[PDB]
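For neighbour counting, all protein chains shown are included, and Cβ atoms are generated from backbone atoms with ideal geometry for every residue, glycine included. Values quoted throughout were computed directly from the atomic coordinates according to the rules given, and no laboratory measurement underlies them.
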Amino acid sequence: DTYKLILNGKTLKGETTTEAXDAXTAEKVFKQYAXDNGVXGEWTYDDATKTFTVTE
């Protein structure tokens, strides 16, 4: 399915998507994607929209 990641970092704020297996696969893409953008951060997931959010 299509999963979404919302970035809210100090210098960067954005949105990206990925086609993933399970919400595991997508979380362990995003948790490298937020790697590429130099963010640990605080994480939440929203099952209704299949959307992750990370806040720096």
Percentage relative contact order, the chain, counting C-alpha pairs under 8 Å, at least six apart: 43
Which of the trypsin sites (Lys or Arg not before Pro) found in the chain are in a DSSP loop and have at most 10 neighbouring Cβ atoms, other than their own, within 10 Å? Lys10
Rg/Rh for the chain: what does it come to with C-alpha atoms and Rh from Kirkwood? 0.93
Nearest 10 degrees, 0 to 90: helix 23-36 Cα axis against the chain principal axis: 20
Check: the chain dipole with +1 on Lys, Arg Cβ and -1 on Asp, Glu Cβ, in debye: 180
